[PDB]
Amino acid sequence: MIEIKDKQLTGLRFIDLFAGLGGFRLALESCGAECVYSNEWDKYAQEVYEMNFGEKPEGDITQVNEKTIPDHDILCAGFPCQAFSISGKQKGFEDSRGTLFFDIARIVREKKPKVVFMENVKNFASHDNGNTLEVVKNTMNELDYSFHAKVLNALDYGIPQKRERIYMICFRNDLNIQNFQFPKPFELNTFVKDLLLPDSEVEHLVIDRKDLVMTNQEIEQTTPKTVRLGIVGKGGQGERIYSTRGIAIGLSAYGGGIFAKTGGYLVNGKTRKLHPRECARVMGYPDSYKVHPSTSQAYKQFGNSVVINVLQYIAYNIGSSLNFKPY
């Protein structure tokens, strides 16, 4: 993340729905806002969130009396995506984990906050022909909210990672918000090799497979894109290797392969997966953030998360719009 000195969200309160690792909290908090509630049901997420924020989120949002949710100005929610991901089956709303948006809507109905800040994978925008996003768009509009939605890639915001997510920002119509805008992109100046730990602390992630097939030569000139250097086995998810002089492929939560959830990388002639700390950095998390003790859950936790940086710029801009109230 980056430091934000002109704190745009200073007096605002916000709720952390589907808290996960709390990336939404770090971002809005860096803009001056205040977290008055968190919700997340995964026992391990709850522990990492307690470890870092001293709070344990409430459980399963599905059976939480919405009226119980504390008054708040911005509702943040990075809702489940398995049901909309290009990487899964795609049953959308027909999936158990696909109905969560309607929980957001109903919390929005009761608490009607000033802004609604949501996040999902790029394919949520095309899922079921555009039906999912339209239903979402209509539900929000139907609640007296605007609905600004756009796809932003992590790599365009200073983080060496390919992560294309849809950000949906809704302001109550009351507010008459007509100046909202998504952060303008900017030149990437950091790449994987920059966030990499010293070889000493990562020996153990190095994997030497006889079936490692190098298909491309390493690169010396940095590029804001994922450059595949080789594969292992058949080359499926988690079985492909990339140059650290490019950007990181996206991290995943249930991902598999020998380079599970991280993908492989060629570091000094060796081939390894990222350490949970490198995942933190690739998601823009600060080194002060305490990772969960279970590397597996840590990886799952980081793979479900959001790139903080992106969120900061959006949060600043939400604050910027909200703040322009001339005479």
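One rule holds for the numbers: they count along the sequence shown, beginning at 1.
Student: Is the mean CA B factor in the deposited entry higher across 1-9 or across 316-324?
Tutor: According to the entry, 1-9 carries the higher average C-alpha B-factor.
Student: Comparing 82-90 with 207-215, which stretch shows the greater average C-alpha B-factor in the deposited entry?
Tutor: Going by the record's values, the stretch with the higher mean is 207-215.
Student: Which of these, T190, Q237, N153, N120, has its C-alpha atom at the highest B-factor, as the entry lists it?
Tutor: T190 has the highest C-alpha B-factor of those listed.
Student: From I169, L197, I247, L133, which pick has the Cα B-factor that tops the rest in the entry?
Tutor: Answer, based on the entry's C-alpha B-factors: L133.
Student: C-alpha B factor of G257, ranked within the chain: lowest, middle or highest third?
Tutor: Middle third - that is where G257 ends up once the chain's C-alpha B-factors are sorted.
Student: Where does the C-alpha B-factor of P183 rank in its chain, lowest, middle or highest third?
Tutor: CA B-factor rank for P183: middle third.
Student: Among the modelled residues of this chain, does the Cα B factor of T223 put it in the lowest, middle or highest third?
Tutor: Answer is highest: the recorded C-alpha B-factor places it there.
Student: According to the PDB entry, is the CA B factor of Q63 in the bottom, middle or top third of its chain, that is, lowest, middle or highest?
Tutor: It falls in the top third of the chain.
Student: Can you tell me whether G264 has a C-alpha B-factor in the lowest, middle or highest third compared with the other modelled residues of the same chain?
Tutor: Middle third - that is where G264 ends up once the chain's C-alpha B-factors are sorted.
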